[PDB]
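Below is query_30.cif, holding mmCIF, C-alpha atoms and all ligand atoms.
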```cif
data_target
#
loop_
_atom_site.label_atom_id
_atom_site.label_comp_id
_atom_site.auth_asym_id
_atom_site.auth_seq_id
_atom_site.Cartn_x
_atom_site.Cartn_y
_atom_site.Cartn_z
CA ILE A 1 113.30 105.83 84.89
CA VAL A 2 113.27 104.14 81.46
CA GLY A 3 112.02 106.18 78.43
CA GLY A 4 111.92 109.40 80.47
CA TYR A 5 113.62 112.78 79.96
CA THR A 6 115.99 114.99 81.94
CA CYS A 7 113.86 116.96 84.35
CA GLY A 8 116.08 120.10 84.41
CA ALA A 9 117.91 121.14 87.65
CA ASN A 10 115.63 121.66 90.65
CA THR A 11 112.35 121.47 88.64
CA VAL A 12 111.10 118.74 91.09
CA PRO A 13 111.92 120.50 94.44
CA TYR A 14 110.25 117.88 96.69
CA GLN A 15 112.40 115.01 95.31
CA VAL A 16 115.02 113.67 97.76
CA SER A 17 117.78 110.99 97.24
CA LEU A 18 118.30 108.55 100.20
CA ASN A 19 122.06 107.98 100.45
CA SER A 20 124.30 105.42 102.33
CA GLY A 21 127.58 106.17 100.44
CA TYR A 22 125.64 105.84 97.11
CA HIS A 23 122.00 106.63 96.00
CA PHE A 24 119.73 103.63 96.76
CA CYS A 25 116.12 105.09 96.81
CA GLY A 26 114.11 108.24 96.30
CA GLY A 27 111.67 109.97 98.59
CA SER A 28 109.40 113.02 98.80
CA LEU A 29 109.65 115.98 101.18
CA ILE A 30 106.16 116.56 102.79
CA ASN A 31 107.15 119.22 105.38
CA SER A 32 110.55 120.65 106.59
CA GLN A 33 111.38 117.73 108.86
CA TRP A 34 109.68 114.70 107.21
CA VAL A 35 110.13 112.63 104.05
CA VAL A 36 107.85 109.83 102.77
CA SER A 37 109.52 106.88 100.97
CA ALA A 38 108.89 103.12 100.62
CA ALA A 39 109.25 100.62 103.46
CA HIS A 40 111.39 98.36 101.31
CA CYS A 41 114.03 101.14 101.06
CA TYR A 42 114.55 100.90 104.88
CA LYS A 43 118.11 100.52 106.23
CA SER A 44 120.07 102.30 108.92
CA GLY A 45 122.65 104.98 108.17
CA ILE A 46 120.44 107.01 105.81
CA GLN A 47 121.51 110.56 104.86
CA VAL A 48 118.69 112.46 103.06
CA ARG A 49 119.99 114.65 100.18
CA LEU A 50 117.69 117.52 99.20
CA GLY A 51 118.12 120.04 96.27
CA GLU A 52 119.94 117.57 94.12
CA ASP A 53 120.16 117.37 90.34
CA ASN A 54 123.53 115.68 89.52
CA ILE A 55 123.97 113.28 92.59
CA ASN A 56 127.69 112.85 91.91
CA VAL A 57 128.57 116.63 91.81
CA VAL A 58 127.90 119.26 94.59
CA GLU A 59 126.51 122.05 92.27
CA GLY A 60 124.97 124.21 94.98
CA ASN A 61 121.42 124.02 96.51
CA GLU A 62 122.11 120.66 98.16
CA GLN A 63 121.25 120.14 101.86
CA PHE A 64 122.55 116.80 103.30
CA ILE A 65 120.69 115.94 106.53
CA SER A 66 120.86 112.71 108.51
CA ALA A 67 117.64 110.79 109.23
CA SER A 68 116.77 110.93 112.99
CA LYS A 69 114.30 107.91 112.73
CA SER A 70 112.58 105.91 109.95
CA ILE A 71 109.07 104.58 110.72
CA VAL A 72 108.14 101.62 108.49
CA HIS A 73 104.35 101.05 108.40
CA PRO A 74 103.58 98.44 111.20
CA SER A 75 101.62 96.26 108.71
CA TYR A 76 104.25 96.34 105.97
CA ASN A 77 104.51 92.80 104.42
CA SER A 78 107.85 92.30 102.63
CA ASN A 79 106.54 89.35 100.65
CA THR A 80 103.54 91.12 99.07
CA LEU A 81 104.84 94.72 99.50
CA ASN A 82 101.41 95.61 100.82
CA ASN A 83 101.68 98.87 102.92
CA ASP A 84 105.01 99.76 101.26
CA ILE A 85 105.37 103.21 102.87
CA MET A 86 107.88 104.68 105.42
CA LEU A 87 108.24 108.08 107.04
CA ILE A 88 111.76 109.47 107.77
CA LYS A 89 112.13 112.27 110.31
CA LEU A 90 115.15 114.53 109.60
CA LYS A 91 117.72 115.33 112.36
CA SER A 92 117.18 119.14 111.72
CA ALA A 93 114.64 120.88 109.56
CA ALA A 94 115.46 121.64 105.91
CA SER A 95 115.43 125.30 104.60
CA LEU A 96 112.60 125.39 102.05
CA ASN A 97 112.76 127.89 99.12
CA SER A 98 112.04 127.47 95.37
CA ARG A 99 114.69 124.75 94.93
CA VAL A 100 113.70 122.71 98.02
CA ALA A 101 109.92 122.60 98.69
CA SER A 102 107.43 120.08 100.17
CA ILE A 103 104.60 118.46 98.12
CA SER A 104 101.01 118.27 99.39
CA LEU A 105 99.31 115.09 100.50
CA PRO A 106 96.02 114.38 98.56
CA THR A 107 92.52 114.96 99.91
CA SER A 108 90.98 112.40 97.54
CA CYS A 109 92.36 109.51 95.50
CA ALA A 110 93.01 110.07 91.78
CA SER A 111 91.06 108.33 88.99
CA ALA A 112 92.29 106.20 86.14
CA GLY A 113 93.51 108.37 83.25
CA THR A 114 94.95 111.04 85.63
CA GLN A 115 98.39 111.97 84.12
CA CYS A 116 101.17 112.10 86.81
CA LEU A 117 104.91 112.92 86.98
CA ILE A 118 107.23 110.19 88.25
CA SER A 119 110.92 111.13 88.80
CA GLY A 120 114.10 109.50 90.09
CA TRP A 121 117.79 108.51 89.60
CA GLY A 122 116.97 104.82 89.08
CA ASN A 123 117.99 102.59 86.23
CA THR A 124 117.26 103.91 82.67
CA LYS A 125 117.64 100.48 80.82
CA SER A 126 115.05 97.66 80.92
CA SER A 127 117.69 95.11 79.97
CA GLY A 128 120.85 96.10 81.94
CA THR A 129 121.83 98.85 84.38
CA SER A 130 122.69 102.44 83.38
CA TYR A 131 122.19 104.76 86.35
CA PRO A 132 122.02 108.49 85.53
CA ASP A 133 123.77 111.39 87.23
CA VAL A 134 120.88 113.85 86.90
CA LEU A 135 117.19 113.49 87.74
CA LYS A 136 114.93 111.85 85.15
CA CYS A 137 111.19 112.43 84.67
CA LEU A 138 108.35 110.52 83.10
CA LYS A 139 104.73 111.58 82.63
CA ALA A 140 102.51 108.45 83.07
CA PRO A 141 98.73 107.91 83.50
CA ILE A 142 97.10 105.91 86.31
CA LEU A 143 95.58 102.72 84.77
CA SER A 144 92.16 101.27 85.62
CA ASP A 145 91.94 98.63 88.32
CA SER A 146 90.83 95.93 85.87
CA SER A 147 93.92 96.47 83.68
CA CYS A 148 96.20 96.51 86.75
CA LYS A 149 94.65 93.27 88.17
CA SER A 150 94.62 91.64 84.77
CA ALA A 151 98.38 92.40 84.54
CA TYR A 152 99.25 91.16 88.07
CA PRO A 153 96.42 88.71 88.93
CA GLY A 154 96.22 88.14 92.72
CA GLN A 155 99.07 90.54 93.58
CA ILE A 156 97.31 93.95 93.72
CA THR A 157 95.79 95.00 97.07
CA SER A 158 93.57 98.02 97.62
CA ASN A 159 96.72 99.95 98.69
CA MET A 160 98.25 99.79 95.25
CA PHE A 161 97.53 101.18 91.76
CA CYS A 162 99.25 100.75 88.41
CA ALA A 163 100.50 103.67 86.28
CA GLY A 164 102.45 103.46 83.02
CA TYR A 165 102.22 102.14 79.48
CA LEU A 166 101.16 98.57 78.53
CA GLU A 167 103.15 98.83 75.27
CA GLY A 168 106.39 98.90 77.39
CA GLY A 169 109.30 101.40 76.84
CA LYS A 170 108.54 103.97 79.57
CA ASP A 171 108.47 103.02 83.31
CA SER A 172 110.09 103.60 86.72
CA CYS A 173 112.74 100.99 87.72
CA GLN A 174 115.12 99.96 90.63
CA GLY A 175 116.72 103.11 92.18
CA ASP A 176 113.43 105.01 91.70
CA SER A 177 111.66 103.11 94.63
CA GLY A 178 110.44 105.39 97.39
CA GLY A 179 110.08 108.30 94.96
CA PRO A 180 107.04 110.46 94.05
CA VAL A 181 104.12 110.00 91.65
CA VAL A 182 102.56 113.56 91.67
CA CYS A 183 99.22 114.23 89.96
CA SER A 184 97.56 117.67 89.91
CA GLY A 185 100.17 118.84 92.46
CA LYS A 186 99.42 116.18 95.09
CA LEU A 187 101.54 113.16 96.04
CA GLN A 188 99.26 110.22 94.96
CA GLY A 189 101.86 107.43 94.78
CA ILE A 190 105.24 106.07 95.90
CA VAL A 191 107.31 104.01 93.41
CA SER A 192 107.07 100.44 94.78
CA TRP A 193 107.49 97.49 92.34
CA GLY A 194 106.84 95.99 88.89
CA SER A 195 107.97 92.84 86.93
CA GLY A 196 111.21 93.97 85.27
CA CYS A 197 111.19 97.54 84.01
CA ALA A 198 109.34 98.83 80.97
CA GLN A 199 108.28 95.32 79.85
CA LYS A 200 105.08 95.09 77.75
CA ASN A 201 101.91 94.52 79.78
CA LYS A 202 103.82 94.82 83.10
CA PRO A 203 103.18 98.43 84.29
CA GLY A 204 104.61 99.89 87.52
CA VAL A 205 102.77 99.37 90.78
CA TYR A 206 102.64 102.21 93.30
CA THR A 207 101.63 102.60 96.94
CA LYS A 208 98.24 104.43 96.98
CA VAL A 209 99.02 107.37 99.28
CA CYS A 210 95.39 108.62 99.64
CA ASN A 211 94.83 105.46 101.81
CA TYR A 212 97.55 106.58 104.31
CA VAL A 213 96.95 110.26 104.87
CA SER A 214 95.36 109.92 108.37
CA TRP A 215 98.19 107.42 109.26
CA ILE A 216 100.89 109.91 108.12
CA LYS A 217 99.22 112.82 109.98
CA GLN A 218 98.70 110.82 113.21
CA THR A 219 102.20 109.35 113.13
CA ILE A 220 103.87 112.78 112.48
CA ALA A 221 101.74 114.37 115.14
CA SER A 222 102.88 111.84 117.76
CA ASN A 223 106.67 111.81 116.84
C1 LIG A 301 116.32 94.11 92.76
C2 LIG A 301 115.50 95.32 93.20
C3 LIG A 301 115.77 95.92 94.42
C4 LIG A 301 115.02 97.01 94.82
BR1 LIG A 301 115.49 97.85 96.50
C5 LIG A 301 114.01 97.53 94.01
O1 LIG A 301 113.27 98.61 94.47
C6 LIG A 301 113.73 96.92 92.77
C7 LIG A 301 112.71 97.42 91.94
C8 LIG A 301 112.27 96.94 90.70
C9 LIG A 301 111.29 97.83 90.28
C10 LIG A 301 110.51 97.87 89.12
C11 LIG A 301 109.59 98.94 88.97
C12 LIG A 301 108.77 99.08 87.82
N1 LIG A 301 107.97 100.13 87.75
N2 LIG A 301 108.82 98.20 86.85
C13 LIG A 301 109.51 99.89 90.01
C14 LIG A 301 110.30 99.81 91.16
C15 LIG A 301 111.18 98.77 91.26
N3 LIG A 301 112.02 98.50 92.21
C16 LIG A 301 114.49 95.82 92.38
CA CA A 302 124.73 117.25 93.39
CL CL A 303 92.65 89.27 91.45
#
```

Do you think you could lay out the structure here as structure tokens?
Ligand SMILES: Cc1cc(Br)c([O-])c(-c2cc3cc(C(N)=[NH2+])ccc3[nH]2)c1
Ligand SMILES: [Ca+2]
Ligand SMILES: [Cl-]
Amino acid sequence: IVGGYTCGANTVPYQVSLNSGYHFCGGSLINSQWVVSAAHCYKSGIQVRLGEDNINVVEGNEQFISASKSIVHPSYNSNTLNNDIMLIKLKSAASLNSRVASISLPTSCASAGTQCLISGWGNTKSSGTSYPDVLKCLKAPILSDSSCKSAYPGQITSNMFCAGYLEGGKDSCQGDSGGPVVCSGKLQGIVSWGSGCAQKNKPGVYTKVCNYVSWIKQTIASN
């Protein structure tokens, strides 16, 4: 997260860190046994770390659970990142409480101007890599479709939306992928891609979760 602030320990209880010996992507807890992340974060050997704040120190509240299976969307396209969403089933259920909680799926899509909270342990520099130890937060609005398409002509599908600042300075970045974009208490987006991080006129692009709710429900119900 570039231009963001320290969230404060456990203030984002649905945030998870996907770990393979180091933090590589974020994710969101949607129920005690399932996490939603991005398809491009897929790899085998994923350990899901819940209740984290400093990812390099065990401070208490952490629950480390291995992924039992990861389900990448069948129509995921790695070249366009269209359908960039993945579900991870946990080997055992997590204990939910005030420090570890799930986030609700949306019932409707959000409109441009909606202010959302994006969080993650991704890079904090737009020119260089500085990865943080604690969770960072950024409040960002969803942009209109014309501004998004004018910024990325021909690369935005109906399963994506842009959120951020065209002046540059505040944005999500590598390491934040797979993480949550929460608006009015509902998970509306998944950090997916962008051109560089926090560059002017190049906002972040997110997977539009309202388009996958029946897919998530049907897939969870059959697995
Ligand atoms: C080299 C590399 C590898 C992975 Br995996 C990423 O997710 C990314 C990445 C860049 C990137 C940029 C943004 C943004 N909002 N500007 C968001 C997610 C991103 N993810 C980059
Ligand atoms: Ca920790
Ligand atoms: Cl276009």

Between CA of residue 26 in chain A and CA of residue 165 in chain A, measure the distance and give it in Å to one decimal.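 Between these atoms lies a distance of 21.5 Å.
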
May I ask you to write as a VMD selection string all residues lying at most 10 Å from ligand CL 303 (chain A), with all atoms listed in the file counted? chain A and resid 145 to 146 148 to 157

Which residues are near ligand LIG 301 (chain A) in this structure, taking near to mean any atom at most 9 Å from a ligand atom and counting all atoms listed in the file? Format them as an MDAnalysis selection string. chainID A and resid 1 24:25 38 40:42 122 126 162:164 171:178 191:199 202:206

Provide the CA of residue 82 in chain A to CA of residue 132 in chain A distance in Å, to one decimal place.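 We find that CA of residue 82 in chain A and CA of residue 132 in chain A lie 28.7 Å from each other.
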
Please report, as CSV, each residue of chain A lying at most 8 Å from ligand CA 302 (chain A), together with the nearest pair of atoms and the separation in Å rounded to one decimal; use only C-alpha atoms and all ligand atoms, and order rows by chain and ascending residue number.
```
residue,atom,partner,partner_atom,distance
A:51,CA,A:CA302,CA,7.7
A:52,CA,A:CA302,CA,4.9
A:53,CA,A:CA302,CA,5.5
A:54,CA,A:CA302,CA,4.3
A:55,CA,A:CA302,CA,4.1
A:56,CA,A:CA302,CA,5.5
A:57,CA,A:CA302,CA,4.2
A:58,CA,A:CA302,CA,3.9
A:59,CA,A:CA302,CA,5.2
A:60,CA,A:CA302,CA,7.1
A:62,CA,A:CA302,CA,6.4
```

Written selection (C-alpha atoms) as a short mmCIF file (atom, residue, chain, number, x, y, z; two decimals), in the frame of the given file:
```cif
data_model
loop_
_atom_site.label_atom_id
_atom_site.label_comp_id
_atom_site.auth_asym_id
_atom_site.auth_seq_id
_atom_site.Cartn_x
_atom_site.Cartn_y
_atom_site.Cartn_z
CA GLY A 51 118.12 120.04 96.27
CA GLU A 52 119.94 117.57 94.12
CA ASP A 53 120.16 117.37 90.34
CA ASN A 54 123.53 115.68 89.52
CA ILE A 55 123.97 113.28 92.59
CA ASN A 56 127.69 112.85 91.91
CA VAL A 57 128.57 116.63 91.81
CA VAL A 58 127.90 119.26 94.59
CA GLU A 59 126.51 122.05 92.27
CA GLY A 60 124.97 124.21 94.98
CA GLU A 62 122.11 120.66 98.16
#
```

Surrounding residues of residue 31 in chain A excluding itself and chain neighbours under 5 positions, 10 Å, all atoms listed in the file, as a PDB file with C-alpha atoms, in the coordinates of the input:
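Generated file (selection_20.pdb):
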```pdb
ATOM      1  CA  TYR A  14     110.250 117.880  96.690  1.00  0.00           C
ATOM      2  CA  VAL A  36     107.850 109.830 102.770  1.00  0.00           C
ATOM      3  CA  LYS A  89     112.130 112.270 110.310  1.00  0.00           C
ATOM      4  CA  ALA A  93     114.640 120.880 109.560  1.00  0.00           C
ATOM      5  CA  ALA A  94     115.460 121.640 105.910  1.00  0.00           C
ATOM      6  CA  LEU A  96     112.600 125.390 102.050  1.00  0.00           C
ATOM      7  CA  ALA A 101     109.920 122.600  98.690  1.00  0.00           C
ATOM      8  CA  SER A 102     107.430 120.080 100.170  1.00  0.00           C
ATOM      9  CA  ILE A 103     104.600 118.460  98.120  1.00  0.00           C
ATOM     10  CA  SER A 104     101.010 118.270  99.390  1.00  0.00           C
TER      11      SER A 104
END
```

Counting all atoms listed in the file, closest pick from A:35, A:72, A:105, A:18 relative to residue 47 in chain A is A:18

Nearest to residue 88 in chain A: which of A:21, A:120, A:27, A:141 is it, counting only C-alpha atoms?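 Using only C-alpha atoms, the shortest distance to residue 88 in chain A belongs to A:27.
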
Residues near residue 110 in chain A, cut-off 9 Å, all atoms listed in the file, skip fewer than 5 positions along chain, as a ChimeraX atom specification: /A:142,183,188,210

Padding 8 Å on each side, edges along x, y and z: where is the centre of the box around the listed atoms of range 126-140 of chain A, and how long are its edges in Å to one decimal? Output it as lines of an AutoDock Vina configuration file.
```
center_x = 113.1
center_y = 104.5
center_z = 83.9
size_x = 37.3
size_y = 34.7
size_z = 23.8
```

Go through A:118, A:90, A:109, A:48 one by one, measure the shortest atom-to-atom distance of each to residue 135 in chain A using all atoms listed in the file, and give the residue with the smallest value.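 Going through A:118, A:90, A:109, A:48 one by one, the smallest distance to residue 135 in chain A is for A:118.
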
Between CA of residue 215 in chain A and CA of residue 113 in chain A, what is the distance in Å, rounded to a tenth?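 Interatomic distance here is 26.4 Å.
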
Identify which of the residues A:30, A:117, A:190, A:181 lies closest to residue 7 in chain A, counting only C-alpha atoms when measuring atom-to-atom distances.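 Among A:30, A:117, A:190, A:181, it is A:117 that comes nearest to residue 7 in chain A.
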
Distance criterion (all atoms listed in the file): nearest to residue 8 in chain A out of A:134, A:97, A:49, A:76: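 Looking only at the distances to residue 8 in chain A, the closest residue turns out to be A:134.
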
Can you work out which one of A:29, A:100, A:2, A:67 has the shortest atom-to-atom distance to residue 140 in chain A, counting all atoms listed in the file?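 Once distances to residue 140 in chain A are computed over all atoms listed in the file, the minimum belongs to A:2.
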